[PDB]
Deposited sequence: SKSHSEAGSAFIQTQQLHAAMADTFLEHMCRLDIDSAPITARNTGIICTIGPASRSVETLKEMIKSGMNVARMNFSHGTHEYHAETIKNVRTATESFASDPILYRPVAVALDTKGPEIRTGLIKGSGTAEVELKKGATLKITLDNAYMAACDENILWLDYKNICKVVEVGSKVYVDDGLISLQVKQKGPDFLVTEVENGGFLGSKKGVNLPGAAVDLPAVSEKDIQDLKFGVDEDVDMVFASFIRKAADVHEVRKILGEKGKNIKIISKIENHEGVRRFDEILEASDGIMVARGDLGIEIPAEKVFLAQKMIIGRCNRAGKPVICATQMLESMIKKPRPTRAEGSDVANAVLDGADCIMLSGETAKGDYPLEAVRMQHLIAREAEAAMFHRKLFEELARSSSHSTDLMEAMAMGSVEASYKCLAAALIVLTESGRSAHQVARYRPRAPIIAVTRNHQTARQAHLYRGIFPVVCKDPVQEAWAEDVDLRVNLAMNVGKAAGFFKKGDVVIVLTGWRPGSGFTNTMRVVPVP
């Protein structure tokens, strides 16, 4: 009994690869898939924060659909304080990224009276700012001022995670009379969803404009933009960002139909993507969700752009320690699907078991990462890029191939720009990728890329390239051994440059571990 499910990796047919999976075949020490965690009241604390890091958190999310700049910044300080707390040990310091989550076109309910359930009976919506204080079972206030121009008589309306379905029956300039199809206990400040109606709310709102620019000041590494349908919308966020936020990544989250419908354009303009299941679910018929998930992920893999899979990956775990049999198939399959990053929203913010959440995202990810059919995968991926004759593409391809043959312990890529490493992760190797940069943004952002295990060089630049290179290499070397990625006489591929100002890692080597 082999390890890393290698007996399955040998199969000729997919069926045989599945047939060959073994519960008793041990995964490796490293984790390739990233884990994006959404911080909230349950995980804001520096002590809570650090342990979260130590558990496995890579990226820290900041949901701006809720929150004051004051609150967000505190969240930030903290994230970096727990982050830089480990910084005195170079070989065991884990860089952590920070991400902003925008609130694009987002209808949200009003407030309920300080004294709210609904039956298969009638209710009425109001936009007049007077019932906003008192939102009784009989009356509700929407955030959207242009609601009566979008929806028609018979048109359905959803709220509180599509949990409550409202059928439309009547109109008015300042109203809408609606019946309850599927109703229950209506909360306070729940968001509505208008599937099959056109939201005319701007992609980028004053608040979003405000929120974004602030990101620029907080040195956030990437922006998760909500509700993207067009590419022109992607542009707008780039504009709002400007030169200062030149180096920030723009990950478009698909939440609508138009979004799935106009994905190529979006993909191009984007720098990453996010499958925002929580919203799309409401937006498109939920039975259709998996289809849009795989299309998306597959398309992003073929393209070389990082992709995120989120919303309700381990819900149940919010109140309960152990996930469900389906929570676990969801997360495992998502890794198989080939998502470069998984993510927790409820389980790590509101959550009662925050850490226990991260831990299982990590355990499931390791097992699902080896279940992958790396041989077919790379052939299937090589074929697609067959049109490209890039040099790094070539060099990435080689390295991955050669790591399959000699069963490498890891791939060590010395980058700055982080491109070279990006380019190799793209080739879905089966071993960890140790990227070594002196650039911080680069390290922090490298999480977005599957397989990449960033390390950062605090050491000055030395005179001889040869020695600088051997300087960085060594570190990689040292850091793998400690983390335990590889032992004393293991083999490992190294990718560097021949001479400075190389532009790309054009030198490959097969160097045993000292």
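No C-alpha positions are given for the deposited-sequence stretches 1-11, 127-131.
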